[PDB]
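Working notes, beginning with the structure itself.
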Amino acid sequence: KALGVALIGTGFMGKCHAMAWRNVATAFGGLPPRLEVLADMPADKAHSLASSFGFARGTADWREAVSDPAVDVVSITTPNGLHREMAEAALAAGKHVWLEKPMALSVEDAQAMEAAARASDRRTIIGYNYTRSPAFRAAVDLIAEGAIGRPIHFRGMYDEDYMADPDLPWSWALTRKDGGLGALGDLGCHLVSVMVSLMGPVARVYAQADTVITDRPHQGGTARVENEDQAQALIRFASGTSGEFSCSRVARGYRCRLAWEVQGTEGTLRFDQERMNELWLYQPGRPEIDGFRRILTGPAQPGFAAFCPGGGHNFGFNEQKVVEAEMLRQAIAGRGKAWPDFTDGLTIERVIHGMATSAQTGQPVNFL
Amino acid sequence: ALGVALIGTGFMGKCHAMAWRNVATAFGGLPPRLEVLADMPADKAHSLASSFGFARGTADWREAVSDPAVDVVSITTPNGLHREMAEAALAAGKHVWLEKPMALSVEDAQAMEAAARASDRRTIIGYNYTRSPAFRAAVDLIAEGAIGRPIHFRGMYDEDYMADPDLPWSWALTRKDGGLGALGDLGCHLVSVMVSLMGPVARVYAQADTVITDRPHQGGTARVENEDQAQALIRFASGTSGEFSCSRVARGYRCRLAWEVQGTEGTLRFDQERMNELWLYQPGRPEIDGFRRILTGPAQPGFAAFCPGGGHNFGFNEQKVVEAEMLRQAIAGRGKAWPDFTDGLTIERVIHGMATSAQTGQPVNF
Amino acid sequence: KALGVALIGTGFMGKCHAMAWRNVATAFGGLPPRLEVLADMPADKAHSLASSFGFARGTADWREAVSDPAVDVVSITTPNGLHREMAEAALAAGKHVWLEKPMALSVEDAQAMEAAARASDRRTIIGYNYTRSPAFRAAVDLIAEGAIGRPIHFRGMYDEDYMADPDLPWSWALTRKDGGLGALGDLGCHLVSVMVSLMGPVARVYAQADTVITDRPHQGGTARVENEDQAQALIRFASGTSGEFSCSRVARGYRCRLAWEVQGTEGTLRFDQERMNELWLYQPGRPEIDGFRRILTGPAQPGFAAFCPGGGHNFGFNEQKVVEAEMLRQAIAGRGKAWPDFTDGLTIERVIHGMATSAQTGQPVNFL
Amino acid sequence: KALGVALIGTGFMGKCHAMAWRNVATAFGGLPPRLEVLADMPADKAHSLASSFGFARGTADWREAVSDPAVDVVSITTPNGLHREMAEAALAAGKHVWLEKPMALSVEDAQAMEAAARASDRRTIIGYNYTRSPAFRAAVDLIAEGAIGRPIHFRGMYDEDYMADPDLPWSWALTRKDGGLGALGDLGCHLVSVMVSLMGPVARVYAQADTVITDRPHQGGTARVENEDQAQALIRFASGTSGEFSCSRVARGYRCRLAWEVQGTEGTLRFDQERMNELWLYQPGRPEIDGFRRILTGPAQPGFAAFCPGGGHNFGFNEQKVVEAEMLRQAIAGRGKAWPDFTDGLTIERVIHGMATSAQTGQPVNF
Ligand SMILES: NC(=O)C1=CN([C@@H]2O[C@H](COP(=O)(O)OP(=O)(O)OC[C@H]3O[C@@H](n4cnc5c(N)ncnc54)[C@H](O)[C@@H]3O)[C@@H](O)[C@H]2O)C=CC1
Ligand SMILES: NC(=O)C1=CN([C@@H]2O[C@H](COP(=O)(O)OP(=O)(O)OC[C@H]3O[C@@H](n4cnc5c(N)ncnc54)[C@H](O)[C@@H]3O)[C@@H](O)[C@H]2O)C=CC1
Ligand SMILES: NC(=O)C1=CN([C@@H]2O[C@H](COP(=O)(O)OP(=O)(O)OC[C@H]3O[C@@H](n4cnc5c(N)ncnc54)[C@H](O)[C@@H]3O)[C@@H](O)[C@H]2O)C=CC1
Ligand SMILES: NC(=O)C1=CN([C@@H]2O[C@H](COP(=O)(O)OP(=O)(O)OC[C@H]3O[C@@H](n4cnc5c(N)ncnc54)[C@H](O)[C@@H]3O)[C@@H](O)[C@H]2O)C=CC1
Ligand SMILES: O=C1O[C@@H](CO)[C@H](O)[C@@H](O)[C@@H]1O
Ligand SMILES: O=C1O[C@@H](CO)[C@H](O)[C@@H](O)[C@@H]1O
Ligand SMILES: O=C1O[C@@H](CO)[C@H](O)[C@@H](O)[C@@H]1O
Ligand SMILES: O=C1O[C@@H](CO)[C@H](O)[C@@H](O)[C@@H]1O
C-alpha cells in the first residue's frame, strides 16, 4: 500500500516535489511512496534526473506518467500553459493530482479543471507551499484560538526582483495568451492563498497595476511585455474586514519577500517569508514589559516536530513541500482534507483575475 | 534675536519650547528670546513660563500674539483652535509655526492659506517626520539617482493610542468638532513624507473603518463618528503608484510611520520606530549583494549640528529643533520653509479626498 | 557501485542522517546511496523505523550492521559514551565513518579513535554541521579573498536553554564519568569547529566555567549536576589574533544561538545561526551609503544551488546534513577532502578539554 | 536660587552639556539653570559659542570660569589629561563638578580627585551617560524586581571604528603619559559603568589587549601608538557571577555599539545602544507564544515622560545628558544621590586600569 508517484517536470518545483516525495515517510512515518515515473524533455535529461532523483524510470512522454498502472498520484510542475491538459488527463486516468500553482492561464481553464476534479472522485491539491510553514500554520491556529481577538485589518505584500533587470529577454510567459497574468500569476496567487487562509474569503477588490519594463530584448529586436510587473489592491473580505495587497517581480533587493500582518482587536501577527522561522505576536501586556514577541519556529508549531525535536533549528523552504506531500498523502488515505483542492483553487484564480480585471476597467470587482 | 510667543504647553507645546531653547545652540546665531507663553488656566501658564524660561505667562493668547516683542508664534493648541489663532497671529503681522493638521476642514485651511498670503509673513506646519537626518538623506539619495526612477511607494502610519475600547469618548471623535480621525492625526504626516519623496498626488481610492464605534461617555456610551483606520491606492502626478494607510488602533505600534520607495535601480526603506536607520538596496556583485543598513551620522542633513559622531541616536524631539531652524532661516530670507500654508492646503485636500473616497466608494482626482 | 549505508540510531541526528542519505543524490546528482541496514533498540523500533526511513532491514544488533558486506559507510548517531566502541568496530570492519560530535567523553578515547581511523585507509567525518551552511561557507571564502583584510578579533557564542529550567530532571549526561563535559561537549565543540575554520588553529585559552543549577529532581529526591552549564574563554590563535568564546545550555530564550563575528583590518563579518540565511558584511564605503550589508542566502553561496535556483528561499538546518553527506561521498570517491576527519576532530577535542582544564585550574592552557 | 553654570570645552561633550543645561528645567521643571561662563580656546571661539549657546560670557581662561562667583557647578569636558587639574581647582573653589569620563589618566590621579571631592563637601558626577537611557534604567529596575530571576552571566561589548583608518593622524591621546589608556579609557570605562550598575562590583579580571595600528602619520612622518585599540576580559563579580567584557576603537562598521545582556535563571535582558530605544526581555511563556519581547521605549520607563508623553517617539543620545544634568541638579538640592560620584568613579578607574595591567602582564588582577 505504498503510494505510487509520477512526477512531470524537474525544474525549481519538479526537484522540490522530488525531494518532498523522497523524505515524506522519513519525516511523518508510514510507507515510503514508490517513485515510479519521472517525465521531462529531453529524454536524456529525464533519464539522468530519474537516476539521481531515485525514480524507477525517466521518460520524455508525460502521458506515460499519468497512465502507468503503478502510479496513484501525479505531481505536475510544468509551465502554466500545460496544467489544464495534464491535470485533466491525470484525473481521467483515475490519478490523484498535486498541481503546481497557478491552476491554469484563465478562469475558464480553471473552471473546466474544477468540474473534471469533482467528476473524477480523486484528491487534488495545489502547490501553495507558503501555507505549509510551521510559522504560518501556527499563526492560523493562534487566530482561530482568539490570540489577537477579531481581525480588523490585513496588509500583505510579495516582492521579488527576478524581472528587475531590463536586459532579461522576452519570453512566452510575458504574453497574455501564453503567459496569463504577470506578477499576479507568479506571486499574487501565493499571497491570496495566505491571505484567505488568515482572513477568510474575498468579497471585493479594487486594484491598480503597472508594467515598469514594457519591452524586452527578443532575437536581436524587442517584443512587448503584455502582463503586469506589479499590482496593488484594496480588499473587502466576506467578513466586511479591510485588506491591503500587493505583488511585484521588479522590487529591487527582495528575493522571497512574502510578508503579511493581521491586526486584530486584541493583538497583531506579522511575518516575512525571508525570515520564515520568525512569527511576531503582539498582545496587550503590563506597561513595564509590553511589546511584540519574536516566536522562533520549533516543535510547538505544526509540522516542525516531524523534522527536528529542537527549537530554533531553522525549518527550510523545501521542507514546506514535504508538509504539502504529507497533507496529500493523508487526504488520499481519507485521514485529512487537503487545501486547496481544485474547488478552493478556482476561488483563488477568480480573485487574482478579478484584480487584473479591476486594474484594467478601473472598477471594483465583487465575488459571490 | 527672534521674539517667540508659544500657545499651549502639552505634547507639542513642550516640544516647541525645547526646540526654541536649543535652536541657536545647535545651528549658531542668536538664541530666540522666549517672550510670552499662553496656556489655561493662568496658574499653569505662570508655572510653565518659569520652568520653560519664558519672560512671562498669560491665560490670554490674544494679547500674547499682539505683543510688540513677539515676531513668531508657535501654535500647539487643539485642532479646533488652529484657524482662529493662526489668522489672529498673521493679522497681528507675526510669522506662524502651526501644528498639524491645519484645521478641521479644507474650507478652514483655504481661508488660512489666503490669510498667510495676505500677511506676507512666513508659515510652517509641524510635519516633523520630514526633519530626521534619515528622511532628508533619502530625499537627497533619490535626487542623486541612487535608486533610479521611483516606480512604487508603500507607506503606513500605525499607532495604538485608541486601541483600548474603554478609552473615553471625546469631542475629537465627532466629525463637526474633531474633523477626521486617523487621517487627521496620522494620515497627514504620512502624506507630508509621501509627497516629499514621490511628488504630488493625482488620484486616490480609499477605504476606512470605525473599529470601536461606541465609547464610554458619562456612565453611558457615545458614537465614534470618524475613522480608526484608512487605506488608499495612490496615483502620483508622475504616473507612479502608491499604497497608503494609517491607524490609531493597530495594536503594538507606537510611532510606526514606515515607508518604502522602490525604483528602477534600487529601494529605500524606513521605519520611524527605528528613526536612525535607512535601508538602501542597489544592485551589487552577487557575492556581496544586499540591503545596506545606513546608521544616522554626520553625513546626513542636520545631524552634525547635534553630534560629531555617527551612531549616537538622533531623537524625535531634535526633529523639532531642525524644524525651528528651517523657520528661522525662512524668516531671515536665507531659506524657503516647507510646508507653508499653501503647501499645507494641498496635504489637507489629499487627506479629505481620501475620507470622501472612502465615504462615496469612488476614486477622487486632484 | 552506489554507496551502501548503515545507520546506527534514529533520534535527533539519526533521522537527520536518514533524510540526508535519502536526498544527497537528489540535490547533488550521481547514484542514490543504498540504505542497507538501520540499527536501533529495541528491535521493534529498529524494524518500524527501517520501514519508514526506507532501509532494507532493521536490527537491534549494531555490531552485525557494521560487519554487513553490503555496507560501505556507517552513520553513528548514538550517545557520546558509545562513539569510541562503534567507530573503532566500523573502521576495523573496513567501513568509512560519519560520526556525530563530540568524538567521545575524553581526549584519551579521541586519541585511540584518531589512531584507528589512520591505521584504517577509510574516510572519516564528524557531524560539525554548522560548517555546512551556504552563509558560513561564503564567509570563509570572503575571508580567504581578503574581503575584510586581516582578522584582528573573533567573538563567538553558542547559547541554548534546553537545561535552563531548574525543574528539568537530572540525567546521567550531567555526571563527569558517564556524561563527560557539559555545555563545552554539547555546544562548545560546534563553536570551536566554526571558530578554527574562520581564524585558524587555537594556540592558547584562558577559561571560566560554572554549574549554576547544582542539583536537579531525581527519583523524588535530588542529584548533583557535576559538569558545566556555561563556559567562557579568551583565545589566542596561532596567528597571534585574539578571540572571545562562550557556550551555555542555560541561556534563557536562546534555542540555537551559535553566533560569531570576525573583525578584520578592512571589514567585519557577523552571523547568527537562529537566522542562518543572513550574513552581515561591513566594508568601508562612501559616507552617504556606508553600512553593513545583509547578504541573504542564495545560489551565489556554496551548496545553495543544489537545493534551489532562487535566492531568499531559506536553506534549513537539515539541509546542512545533506551538504555534509555529499562532502563524505566525494571524499570516499577521492574527489575532495572531508573536514573534519578524526585527526582534525581530535584537535577540537583537545581545545574544549583544555578550556575545561583551564576553568578547573584557574590557569591558561597552551596547545602549541 | 537658579543654579549658576560654568562650562569648560565646547566639543562633542561641551556642546552636549550646553544643550542639557539649557533644557533640564524645560524637561523636569523648577528654575532654569543660569548659563554664566563658557571657557574654550581660542578666545574668539569662546566669545562666539558663548553667544550661540546662551552663556552670559565666554573666556579663553578655564580658571576664570571655575572661580566666577555666579558659578555653583562646573561642566568639565576638556581632554583627559586636564581633568584632574580642572576638577581639583573647581572643588577647591567650592563648586560642584560634572566631570566627563574617564576621571583622569591614572588610578593615582583618580585617588587624589576622590580625596579632594570628600574634603570639598561638594557634589560630583561623572559623565557615564549610557546609564541614563530609559531602556537602561528600566533594565536595572526589572532585574531588581526579579524579572530575569538570579543573574548567572553578563556579556558586554563596546565596538566603534573611529580609529579603524590607519591614515588617521597620531595625537598625544595615543601616548600612555599624556593620553592614558586607549579603547579601555574611551569606551571600556562606559561599559564598566553599565556592567557594575547591572551586576554589582568586580572582584577579578583576566584580560587580553592589542594595538592593531601601532604607528600613525605625524607631521609627514610617523609616531608610535602606545595604548590598546581593543581589549577583552573575563570577569568574576563580587557576587561570584561570571562576565565577558570587550571594547574596541577599530571594529569596522560599528559607530556606538555598546551592547550587553544579562542572562538569569528566569529570563534574559539584552540591549544595543545603536538601537537605544529597544530593550529585549525573555521570560518563560507557554510554548505557543514563547519568545523575547521587544520593549519599545516610552513613558513607562524612567525619565522618558519628562521628554514626551507618547511611547515609540525615539529618545535621543543627547537627552541622556539632560537626565544626567537633572540627577546632578537634584543631588545639589539634597533630593537624591548622583551616581557615580568621584568615590564610585575611582572604583571604575581601578577596574579599567586592572584590565590594562592584566593584559600587559598575562596575569589575573583581584580587587
Ligand atoms: N510553488 C512555488 O513556489 C513555485 C512554483 N513554480 C511553478 O512551477 C511550474 C514550472 O515553472 P517554470 O518556470 O514554467 O518552468 P521550470 O523550467 O522551472 O520547470 C518546468 C519543467 O517542466 C518541464 N517540461 C516542460 N514541458 C514539458 C512537457 N511537454 N513534458 C514534460 N516536461 C516538460 C521542463 O523541462 C522543466 O523541467 C510553474 O507552474 C510555476 O508557476 C515555480 C517556482 C516556484
Ligand atoms: N507634530 C506632531 O508630531 C504632533 C502634533 N500634535 C498636534 O498638536 C496639537 C495639540 O495636541 P497635543 O500637543 O497632543 O495636545 P495637548 O492637550 O497635549 O496640548 C494642547 C495644549 O493647548 C492648550 N490650550 C487649549 N486651549 C487653549 C487656549 N484657549 N489658550 C491657550 N492654550 C490652550 C492646553 O492647555 C494644552 O497645553 C494638535 O493640533 C495635534 O494635532 C500632537 C502630537 C504630536
Ligand atoms: N550535530 C548536531 O547538531 C547534533 C548532534 N547530536 C549528537 O548526536 C548523538 C545522539 O544524540 P541525539 O540524536 O540528540 O540523541 P537521541 O536520544 O535523540 O538518539 C540516540 C539514538 O541512539 C540509539 N541508541 C542508543 N543506544 C544504542 C545501541 N546500543 N544500539 C543502537 N542504537 C542505540 C537510540 O535508540 C536513539 O535512536 C550525540 O552524540 C549528540 O552529541 C545531537 C543533536 C544535534
Ligand atoms: N561621555 C561621552 O559620551 C563622551 C565623552 N567624551 C569625553 O569628553 C572629553 C573631551 O573629548 P576630546 O575628544 O579630548 O576633545 P573634544 O575636542 O571633543 O573636546 C575638547 C574641548 O576642550 C577644549 N579645550 C581643550 N583644552 C582646553 C583648555 N586648556 N581650556 C579650555 N578648553 C579647552 C577644546 O577646545 C574642546 O572644545 C574627554 O574627556 C572625552 O573622554 C568625549 C566624547 C563622548
Ligand atoms: O511561485 C513562485 O514563483 C517564482 C518566480 O516564478 C518565485 O521566484 C518564487 O519565489 C515563487 O515561490
Ligand atoms: O501627530 C501625531 O499625533 C499623535 C496622536 O494624537 C501621535 O501619537 C503622534 O505620534 C503623531 O506625531
Ligand atoms: O549538537 C547539539 O546539541 C544539542 C543538545 O544536545 C543542541 O540542542 C543542538 O543545537 C546542537 O546542534
Ligand atoms: O565616550 C565616548 O568616546 C568617544 C570616542 O572618543 C566615542 O565616540 C563615544 O561614543 C563614547 O561615548
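To find a chain, count down the sequence lines: A is the first, B the second, and so on, and within it residues start at 1. Any value given below was found using the heavy atoms of this structure, including those in side chains, with hydrogens, waters and symmetry copies removed.
The contact between A:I289 and chain D is made by backbone and side chain atoms together, counting heavy-atom distances below 4.5 Å. For D:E145, the part lying near chain A is the side chain, with the backbone staying farther off; criterion is any non-hydrogen pair under 4.5 Å. With a 4.5 angstrom heavy-atom cutoff, A:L279 does not touch chain D via any of its atoms. Using a 4.5 Å cut-off between heavy atoms, D:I295 contacts chain A through both its backbone and its side chain.
Ranked by heavy-atom pairs under 4.5 Å with chain D, the first of A:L281, A:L296, A:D290 is A:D290. Chain D forms the most heavy-atom pairs under 4.5 Å with one residue out of A:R286, A:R294, A:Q283, and that residue is A:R294.
The two residues D:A300 and A:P287 have their closest heavy-atom pair at CB-O, 3.6 Å. Of all the heavy atoms in A:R293 and D:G291, the pair that sits closest is NH1-O, 3.6 Å.
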